[PDB]
Amino acid sequence: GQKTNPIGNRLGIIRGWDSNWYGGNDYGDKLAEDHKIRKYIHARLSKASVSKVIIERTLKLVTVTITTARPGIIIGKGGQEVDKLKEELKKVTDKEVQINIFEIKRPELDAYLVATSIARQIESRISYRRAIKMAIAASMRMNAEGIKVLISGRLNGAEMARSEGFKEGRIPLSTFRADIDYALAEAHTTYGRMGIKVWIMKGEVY
Amino acid sequence: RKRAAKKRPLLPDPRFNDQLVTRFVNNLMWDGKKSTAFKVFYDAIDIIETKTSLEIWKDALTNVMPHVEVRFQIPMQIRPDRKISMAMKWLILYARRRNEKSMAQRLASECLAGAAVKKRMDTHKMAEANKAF
Amino acid sequence: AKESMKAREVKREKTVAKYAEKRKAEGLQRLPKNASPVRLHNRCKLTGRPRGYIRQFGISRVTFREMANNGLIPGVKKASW
RNA sequence: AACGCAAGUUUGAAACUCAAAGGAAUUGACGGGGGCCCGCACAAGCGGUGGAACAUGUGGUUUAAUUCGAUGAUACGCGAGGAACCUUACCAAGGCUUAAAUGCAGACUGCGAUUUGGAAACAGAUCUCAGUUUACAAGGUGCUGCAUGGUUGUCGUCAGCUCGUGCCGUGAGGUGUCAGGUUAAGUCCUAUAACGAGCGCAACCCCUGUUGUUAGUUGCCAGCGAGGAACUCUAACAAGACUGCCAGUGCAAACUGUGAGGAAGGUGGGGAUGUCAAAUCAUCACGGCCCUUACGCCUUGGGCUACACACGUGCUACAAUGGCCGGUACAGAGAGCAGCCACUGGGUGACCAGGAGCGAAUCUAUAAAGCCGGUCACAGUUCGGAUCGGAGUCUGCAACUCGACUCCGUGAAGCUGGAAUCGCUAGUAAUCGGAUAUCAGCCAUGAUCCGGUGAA
């Protein structure tokens, strides 16, 4: 670990923030609730492969805008499929709560859906060798010239740890104007825990 | 491989409007205090008014200017300018051994032209010995 | 950071909820010795970790760093001057 | 056995033991081999450490316990950026077993004040989201970072590390990446079985260094007058530095000087960082093993401060370019209802009572060094600050183990420190002061910053 987070040193630059709420010195419980809501959503609906939870905590309101990989099963028929989820998370955080479900544009380019799909294939234990190239090809079909998938130790049920590069294209991490999104999702297998890191380089922003 | 030097340009003083007095008080400074160093130098040069002006001080500063230094212990000329920094350093270093009362009092070594010429004499005696190099 | 030790803090916080008018009214104090504001040590409130705490965000340095890196606190950036 | 005076020459086995010895060449590593370069690396200069007293850290020795980890560079004022209880994970003793918290499973309904046993935890009574059985989990700062994920230090802000195609070599491999110039650089030109590409460098980012526009609230006070839109200022957008201008060298990059300019030749400083089975199973998660009348859990008291010795990191003093009583100025940033305090009264003092303003360019929080004047006129001193006795203030249930401050006593070691070693090239070192973080108080001399004076 000698590399800074690619989206870490980009906040005052092209990369923005996930949450959106300004509270003077009052982070506290407003941060604890934001930490519990994301994990509750990700545990309640994981088969939809959620991408992000834009949490807008304005006055007397909390918007929970969800970006998924499959909004069909989330909206459901008539809205009662959202009714139970909403009453659940609202009685968890008993305040005025609104939800907005967003549709996806090429779900193979999210830097987190790729990671969770590779992790699910790993924990399903098919080959460990087809998933990385599957993701690479399904991502390089379209644009986003750069994709880099790095995997951690405890591979193939071995004894010692080892890491694999498995990258191709161009990913200029040393350039702040590069639009590199990344998210670390790891698979909990029986031989331990295997870590996955996905970098996606779409293009320079202005 | 230092590749450069800048010599750190200076600025003269109000009294005596001389550029050597500034270097002297700069070598006299301690803990970054120039006003008290100027005060001590002025008291010293006014105490020296017993016997002329700072002319006698600047001529006594000449008797402490070596012409060759040893540095197989080979002798060599120092520089046309480092002479008046070795002279000032030697004067200020050996004026702090005088067991007088104040600094302006023990700085009365410009009239000793007295632990200042001894250094130049020893340097010359040690350089004339290793003359075969 | 054990469950019992972090629940002890919640128990002490719930204990210092009453007696707010009793401790406000050097003697005449027969208390359970837990109803005092000198025993409320601040945890990280997610993991419950002492030895490092920020009153603003209410979390430890490691969680603060990880969230500020992976974009979970609005406003934080990379300081440079 | 033959030859020779001898030293010795010629011929010449076996028992036993190993799965290897050996030649050529390749990549790396190394050399007290060579060549070309870089870095406060050395040479020069300044300030230190090692000498003295104090504060924390660690080793070592005792203790019922002195909680755990790192113990070269990359540990030792570190995790820990607040040990009286709490933190606390350790020790001694009182109280618990499906649990001191959390989900569940099947019943029985609509928090407070009083009283006893107590060191508390907990038991026994009045009274008016809570209380009680059964089988379930649960839990561990328990053991291995040599099973791990993640997250770091180091080489190292050094310039290196590879790939695609094509050619050479039987092959490992070689070329591109070599040779000559260029500088911070694998940053670029010249030719060359090489042609291109990726990571890295640079650029893209933050602050500071000038000017212009946009706007004057709670910046600010120049012209009239008794209220102003010019400046400082704040924060948005722009210009400005491109060796671009002028001189010489060169096919070329590119250096050596001058002129203009606020600036120079990456203006300066930061975020960026392409093997050591290295640190953490004590931020967190986790594969395997172990305990569950428990190595699990609630309490009181104690320990983490123990002390014959050592090494590391710091502060202060060893003095009169100094101390003291006095007058007189000049800031910045940051903080403030988990509070900052104007003003008045009591007290030498810490502080106490009354009481405005302020949730913040509005209100509060009073700098030192420096300047002027008098003293001391050289030594254990009018330097020094450890140690000890008595009397008070603040926090907190609690100040003995173990808080801070004030106050009246007192003046111990220390008069420039041994080989050996450390940091620094410009607003730098050195020195002085202020603020923030953990916050009931505090060990704060630690850590992170800012401002003043300012070198060789």
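Worth knowing before you read on, the calculation uses all heavy atoms, side chains too, and leaves out hydrogens, waters and symmetry mates. Lettering follows sequence order; numbering is per chain, from 1.
- No stacking contact links strand neighbours D:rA379 and D:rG380 by the limits of base ring centres under 5.5 angstrom apart and planes under 30 degrees.
- The cationic group of C:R61 does not satisfy the cation-pi geometry with C:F64, failing either the under 6.0 Å distance to the six-membered ring centre or the 45° limit from the ring axis.
- The local environment of CZ in C:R30 is sparse, with at most 12 non-hydrogen atoms from other residues, nucleotides or ligands closer than 6.0 Å.
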Restricting to nitrogen or oxygen on both sides, can you table the protein-nucleotides 375-379 of chain D pairs closer than 3.5 Å?
{"residue": "D:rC378", "atom": "OP2", "partner": "B:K101", "partner atom": "NZ", "Å": "2.3"}
{"residue": "D:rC378", "atom": "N4", "partner": "B:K101", "partner atom": "O", "Å": "2.5"}

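- Within the nucleic acid shown, A:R170 comes within 4.0 Å of sugar-phosphate atoms alone, with no base atom in reach, counting heavy atoms only.
- Among the atoms of the strands shown, only primed sugar atoms or phosphate atoms (P, OP1, OP2) are found under 4.0 Å from some heavy atom of C:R30.
- Between D:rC204 and its strand neighbour D:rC205 the base rings do not stack, failing centres under 5.5 Å or planes under 30°.
- The aromatic ring centroids of B:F24 and B:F41 lie less than 6.0 Å from each other.
- Applying the Watson-Crick and G-U wobble criteria (two distances, each under 3.5 Å), D:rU175 pairs with D:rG166.
- Stacking of the bases of D:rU273 and D:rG274 is not indicated, since the six-membered rings fail the criterion of centres under 5.5 Å apart and planes under 30° apart.
- Residues that satisfy the ring pair (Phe, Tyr, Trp, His ring centres under 6.0 Å) test with A:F176, not counting sequence neighbours, are absent from this structure.
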Please write out the pairs of protein N or O atoms and N or O atoms of nucleotides 262-267 of chain D separated by less than 3.5 Å, giving the distance to one decimal.
none

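- Among the protein residues, B:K89 comes within range of the sugar-phosphate backbone only, with heavy atoms under 4.0 Å from sugar or phosphate atoms but none that close to a base.
- Residue contacts for A:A161: at a heavy-atom cut-off of 4.0 Å it reaches the sugar-phosphate backbone alone, with no base atom in range.
- By the rule that a glycosidic angle within 90° of 0 means syn, D:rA120 does not qualify and counts as anti.
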